[PDB]
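K.L.:
Handing you a structure now.
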Amino acid sequence: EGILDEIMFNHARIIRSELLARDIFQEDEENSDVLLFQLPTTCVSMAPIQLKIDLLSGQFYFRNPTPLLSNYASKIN
Amino acid sequence: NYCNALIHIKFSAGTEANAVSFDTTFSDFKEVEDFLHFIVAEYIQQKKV
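Sequences listed follow chains n and q, in order.
With the entry's author numbering as the guide, the letters of the first sequence map in order to residues 465 to 541.
With the entry's author numbering as the guide, the letters of the second sequence map in order to residues 639 to 687.
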């Protein structure tokens, strides 16, 4: 079980590091397993959204996804 | 869906009983606050004219 968990975490970290290398998601200092995506909620607002990786099946998910956000998360999956 | 919040706003200006000035839906509280501020500003302008 520990070996499987280590492999899971390593694969997730490798994918996250590739995404950071592509410089699409900024780095989250508070959480090493949370990716920050910059999106403007309004004309002047420019806010980050937290995307997380499922440790079991590995599909990206949002913290409080809107219907469009959920649809595009499914598209990402 | 027992978890998401949907806010339906119906603002009827003082013109007719059935002439609904605006009828919108919102899923983001930030947009709710923005539209509330806009409605308050519009009402203030109407009171100023």
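Where a beta carbon is used, it is the ideal one built from N, C-alpha and C, also for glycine.
How far does the alpha helix (DSSP H) with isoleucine 677 (chain q) in it extend, from its first residue to its last?
P.N.:
From DSSP, the alpha helix (DSSP H) with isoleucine 677 (chain q) extends over 667-685.
K.L.:
Quick check on this structure: which residue in n:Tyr525, n:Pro529 and n:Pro531 has the alpha carbon closest to the alpha carbon of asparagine 541 (chain n)?
P.N.:
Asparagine 541 (chain n) has its Cα closest to that of n:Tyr525, out of n:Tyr525, n:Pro529 and n:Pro531.
K.L.:
What's the C-alpha gap between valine 658 (chain q) and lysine 539 (chain n)?
P.N.:
Roughly 38 Å between the two C-alpha positions.
K.L.:
Between the alpha carbons of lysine 686 (chain q) and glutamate 493 (chain n), how many angstroms are there, rounded?
P.N.:
Each residue's Cα considered, the two are about 49 Å apart.
K.L.:
Report the start-end ranges of each alpha helix (DSSP H) in the segment 465-527 of chain n that is 4 residues or longer and not cut off at the edges.
P.N.:
Within the segment 465-527 of chain n, the complete alpha helix (DSSP H) runs of at least 4 residues are 466-485.
K.L.:
How close, in whole Å, do the beta carbons of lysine 668 (chain q) and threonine 505 (chain n) come, if the pair is a contact with beta carbons under 8 Å?
P.N.:
Contact flag correct, Cβ pair sits at about 6 Å.
K.L.:
Just by C-beta distance, which residues in the segment 664-684 of chain q are closer than 9 Å to chain n?
P.N.:
Under the 9 Å Cβ criterion, the segment 664-684 of chain q contributes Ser665, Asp666, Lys668, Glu669 and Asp672.
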